[PDB]
Structures are given as structure tokens and as C-alpha cells.
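Data block below; observations after.
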Amino acid sequence: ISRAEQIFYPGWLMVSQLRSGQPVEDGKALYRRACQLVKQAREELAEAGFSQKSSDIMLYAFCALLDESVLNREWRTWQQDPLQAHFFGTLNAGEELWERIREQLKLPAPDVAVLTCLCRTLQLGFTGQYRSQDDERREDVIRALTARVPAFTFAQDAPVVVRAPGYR
């Protein structure tokens with residue numbers, strides 16, 4: 001849905017700016033704005049008629065997206081207690097969000113709005129820590145998720161000349 005994208009757009013733009021190495025001063029001031037944005041999104045999703053189930057997955061992916069873009073930045077408030085710990089009680093969102101994307105793909109008709117947010121989460125730079133004790137890889141999960149949403153697709157950059165370790 002678009003009403004869902006409307007709710008996350010300010011936050012999505014904020015993560016996109018943080019990802020582009022924008023000056024951030026202050027750190028604790030950013031965590032507070034982050035918190036208010038998550039709370040604003042929660043109240044708005046509920047007002048828009050979205051179920052707790054769908055609101056919680058959308059907000060989880062966003063918390064995991066925002067936490068990752070702050071921690072992989074060149075504070076210690078998030079390092080100490082991130083949004084995934086503050087709002088969800090986990091420090092393993094990098095791993096369990098991938099687990100959460102896969103169980104959404106196992107559903108015959110998952111909420112299009114949820115799938116949109118999960119695509120937006122990956123588009124803005126979410127990597128996490130993917131694990132799967134089986135034949136499934138990220139590349140395959142991305143393609144499968146991409147295939148079920150018309151608004152999104154996948155694109156690969158051409159290979160680049162890289163130095164070769166096993167040298168010198």
C-alpha cells in the first residue's frame with residue numbers, strides 16, 4: 001500500500017541520509033528523533049487500519065534498518081541499547097529479520113504493504129547477518145521477494161577488477 005509508504009517516508013529519507021555519511025551531531029538527539037518516528041509510525045499504522053501483526057513486522061524491519069545504518073557509521077546509546085532492544089526486546093534483528101522475510105514468503109497471499117516495506121528495507125541498504133543451514137542463499141530470497149511485488153525488482157552491478165588475495 002501507499003498509505004504505509006506515506007508513514008515510513010520521513011524515516012526512510014532519514015536512514016538514506018545517514019547511509020550517505022551526512023554529519024549527524026548529536027547522537028543522543030538522533031536516537032530521540034528515531035524513537036518519536038517509530039512511535040509516530042505505530043499510531044499511524046493502527047489509525048490506517050493495519051493489524052498489530054503487519055504493523056509489528058513493518059516497524060521491526062524499520063528498527064532493524066535504522067539500527068544497522070547507525071552502527072555501521074564512522075552515540076554508544078544505540079550500541080548500548082538499540083531500537084530493536086528498546087521496542088522489541090532483541091539484539092539479533094540482523095539475523096531474525098531474514099528469518100521473518102522467509103516466513104512471509106511461505107504465505108500464499110502476504111500483505112502487499114508488508115512486502116513493500118521489506119523491499120524498501122533492502123533497497124535502503126539492509127544487509128543483516130543471513131544464515132540458513134540449507135541450500136538457500138540471500139540472492140534467492142531477494143529474487144523471490146522481488147518477484148511477488150510489482151513495484152520492485154533486482155539489479156546487479158557489473159563485476160569489477162578486484163585485487164586477488166592468495167597473492168604476495
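Chain identifiers are assigned as A, B, and so on, following the order in which chains appear in the C-alpha cells; residues are numbered from 1 within each chain, and ligands are numbered from 1 in order of appearance.
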- Determine which residues of chain A DSSP labels as alpha helix (DSSP H) from the backbone of this structure, then write them out as an MDAnalysis selection string. chainID A and resid 2:19 27:47 52:71 77:80 83:87 93:105 112:123 138:147
Which polymer residues have any atom within 8 Å of an atom of stretch 139-142 of chain A, counting only C-alpha atoms, with same-chain residues fewer than 3 positions away left out, as a PDB file with N, CA and C atoms, in the first residue's frame?
```
ATOM      1  N   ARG A 102      11.515 -14.782   5.052  1.00  0.00           N
ATOM      2  CA  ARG A 102      11.295 -16.139   4.549  1.00  0.00           C
ATOM      3  C   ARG A 102       9.941 -16.712   4.946  1.00  0.00           C
ATOM      4  N   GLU A 136      19.523 -22.561   0.528  1.00  0.00           N
ATOM      5  CA  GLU A 136      19.010 -21.212   0.272  1.00  0.00           C
ATOM      6  C   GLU A 136      20.028 -20.119   0.610  1.00  0.00           C
ATOM      7  N   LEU A 145      11.321 -12.461  -3.174  1.00  0.00           N
ATOM      8  CA  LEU A 145      10.604 -11.349  -2.546  1.00  0.00           C
ATOM      9  C   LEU A 145      10.296 -10.294  -3.591  1.00  0.00           C
ATOM     10  N   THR A 146      11.271 -10.028  -4.453  1.00  0.00           N
ATOM     11  CA  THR A 146      11.217  -9.093  -5.575  1.00  0.00           C
ATOM     12  C   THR A 146      10.114  -9.492  -6.568  1.00  0.00           C
ATOM     13  N   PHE A 154      15.131  -6.627  -8.985  1.00  0.00           N
ATOM     14  CA  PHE A 154      16.519  -6.714  -8.558  1.00  0.00           C
ATOM     15  C   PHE A 154      17.425  -6.254  -9.695  1.00  0.00           C
TER      16      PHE A 154
END
```
Contact check, stretch 77-140 of chain A to stretch 26-39 of chain A, at most 12 Å, counting only C-alpha atoms, closest pairs as a tab-separated table:
```
residue	atom	partner	partner_atom	distance
A:77	CA	A:28	CA	6.6
A:78	CA	A:31	CA	7.4
A:79	CA	A:31	CA	11.0
A:80	CA	A:28	CA	11.6
A:81	CA	A:31	CA	10.0
A:82	CA	A:31	CA	8.6
A:83	CA	A:35	CA	7.4
A:84	CA	A:35	CA	10.8
A:85	CA	A:35	CA	11.8
A:86	CA	A:35	CA	9.0
A:87	CA	A:38	CA	8.8
A:88	CA	A:38	CA	11.6
```
- Message: I'd like the neighbourhood of residue A:130 as a PyMOL selection string, where a residue qualifies if any of its atoms comes within 9 Å (using only C-alpha atoms), though same-chain residues fewer than 3 positions away should be ignored.
- Response: chain A and resi 94-99+127+137-138
Spatial neighbours of stretch 12-16 of chain A, 12 Å, only C-alpha atoms, chain gap at least 5 places, as a CSV table (one decimal) with N, CA and C atoms, in the first residue's frame:
```csv
chain,number,residue,atom,x,y,z
A,4,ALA,N,1.0,3.2,3.8
A,4,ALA,CA,2.1,2.6,4.5
A,4,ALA,C,3.4,3.3,4.2
A,5,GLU,N,3.7,3.5,2.9
A,5,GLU,CA,4.9,4.1,2.4
A,5,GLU,C,4.9,5.6,2.9
A,6,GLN,N,3.7,6.3,2.9
A,6,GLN,CA,3.5,7.6,3.4
A,6,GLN,C,4.0,7.8,4.9
A,7,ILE,N,3.7,6.7,5.7
A,7,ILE,CA,4.0,6.7,7.1
A,7,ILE,C,5.5,6.6,7.3
A,21,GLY,N,26.6,9.2,4.7
A,21,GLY,CA,27.6,9.8,5.5
A,21,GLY,C,27.4,11.3,5.9
A,22,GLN,N,26.1,11.7,6.0
A,22,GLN,CA,25.8,13.1,6.4
A,22,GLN,C,26.2,13.4,7.8
A,23,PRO,N,26.7,14.6,8.1
A,23,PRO,CA,27.1,14.9,9.5
A,23,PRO,C,25.9,14.8,10.4
A,24,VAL,N,26.0,14.1,11.6
A,24,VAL,CA,24.9,13.7,12.5
A,24,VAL,C,24.7,14.4,13.8
A,30,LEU,N,19.6,12.2,18.0
A,30,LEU,CA,19.2,11.4,16.8
A,30,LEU,C,18.3,10.2,17.3
A,31,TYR,N,18.8,9.5,18.4
A,31,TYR,CA,18.1,8.4,19.0
A,31,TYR,C,16.6,8.8,19.4
A,33,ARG,N,14.8,11.4,18.2
A,33,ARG,CA,14.0,11.7,17.0
A,33,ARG,C,13.6,10.3,16.3
A,34,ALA,N,14.6,9.3,16.3
A,34,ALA,CA,14.3,8.0,15.8
A,34,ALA,C,13.2,7.3,16.6
A,37,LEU,N,9.8,8.9,15.8
A,37,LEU,CA,9.4,8.5,14.4
A,37,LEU,C,8.8,7.1,14.4
A,38,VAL,N,9.4,6.1,15.2
A,38,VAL,CA,8.9,4.8,15.3
A,38,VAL,C,7.5,4.8,16.0
A,41,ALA,N,4.9,6.2,13.7
A,41,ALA,CA,4.6,5.2,12.7
A,41,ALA,C,3.6,4.2,13.2
A,59,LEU,N,7.3,-2.2,11.4
A,59,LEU,CA,8.1,-1.4,12.4
A,59,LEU,C,9.4,-2.1,12.8
A,61,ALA,N,11.3,-4.2,10.8
A,61,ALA,CA,12.1,-4.1,9.6
A,61,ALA,C,12.7,-2.7,9.6
A,62,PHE,N,11.9,-1.6,10.0
A,62,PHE,CA,12.4,-0.3,10.1
A,62,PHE,C,13.4,-0.1,11.2
A,63,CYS,N,13.1,-0.6,12.4
A,63,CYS,CA,14.0,-0.5,13.6
A,63,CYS,C,15.3,-1.2,13.2
A,64,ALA,N,15.3,-2.4,12.6
A,64,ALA,CA,16.5,-3.1,12.1
A,64,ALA,C,17.2,-2.4,11.1
A,65,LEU,N,16.5,-1.7,10.2
A,65,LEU,CA,17.1,-0.9,9.1
A,65,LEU,C,17.9,0.3,9.7
A,66,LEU,N,17.2,1.1,10.5
A,66,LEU,CA,17.7,2.3,11.2
A,66,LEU,C,18.9,2.0,12.1
A,67,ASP,N,18.8,0.9,13.0
A,67,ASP,CA,19.8,0.5,13.9
A,67,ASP,C,21.1,0.1,13.1
A,68,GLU,N,21.0,-0.6,12.0
A,68,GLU,CA,22.1,-1.1,11.2
A,68,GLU,C,22.8,0.1,10.5
A,69,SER,N,22.1,1.1,9.9
A,69,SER,CA,22.7,2.3,9.3
A,69,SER,C,23.4,3.2,10.2
A,70,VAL,N,23.1,3.2,11.5
A,70,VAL,CA,23.7,4.0,12.6
A,70,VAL,C,25.0,3.3,13.1
A,71,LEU,N,24.9,2.0,13.3
A,71,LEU,CA,26.0,1.2,13.9
A,71,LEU,C,27.2,0.9,12.9
A,72,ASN,N,26.9,0.9,11.6
A,72,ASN,CA,27.9,0.7,10.5
A,72,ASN,C,28.4,2.1,10.0
A,73,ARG,N,28.2,3.1,10.8
A,73,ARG,CA,28.6,4.5,10.5
A,73,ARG,C,29.9,4.9,11.3
A,117,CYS,N,7.4,-2.8,2.4
A,117,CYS,CA,8.3,-2.3,3.4
A,117,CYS,C,9.6,-3.1,3.5
A,118,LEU,N,9.5,-4.5,3.3
A,118,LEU,CA,10.6,-5.4,3.4
A,118,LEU,C,11.5,-5.2,2.1
A,119,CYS,N,10.9,-4.7,1.0
A,119,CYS,CA,11.7,-4.4,-0.2
A,119,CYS,C,12.4,-3.1,0.0
A,120,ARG,N,11.7,-2.1,0.6
A,120,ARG,CA,12.2,-0.8,0.9
A,120,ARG,C,13.4,-0.9,1.9
A,121,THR,N,13.3,-1.8,2.9
A,121,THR,CA,14.3,-2.1,3.9
A,121,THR,C,15.6,-2.6,3.2
A,122,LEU,N,15.5,-3.5,2.2
A,122,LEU,CA,16.6,-4.0,1.5
A,122,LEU,C,17.2,-3.0,0.5
A,123,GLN,N,16.3,-2.2,-0.1
A,123,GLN,CA,16.7,-1.1,-1.1
A,123,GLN,C,17.5,-0.1,-0.4
A,124,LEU,N,17.2,0.3,0.9
A,124,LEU,CA,17.9,1.4,1.6
A,124,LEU,C,19.3,0.9,2.2
A,125,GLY,N,19.6,-0.3,2.1
A,125,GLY,CA,20.9,-0.9,2.5
A,125,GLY,C,20.9,-1.9,3.6
A,126,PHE,N,19.8,-2.5,4.0
A,126,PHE,CA,19.8,-3.5,5.0
A,126,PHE,C,20.5,-4.8,4.5
```
- Query: Expressed in Å to a single decimal, how great is the separation between atom CA of residue A:51 and atom CA of residue A:93?
  - Reply: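 These atoms are spaced 21.1 Å apart.
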- Message: One number please: atom CA of residue A:116 to atom CA of residue A:48, in Å, one decimal.
- Response: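 Rounded to one decimal, the two atoms are 16.0 Å apart.
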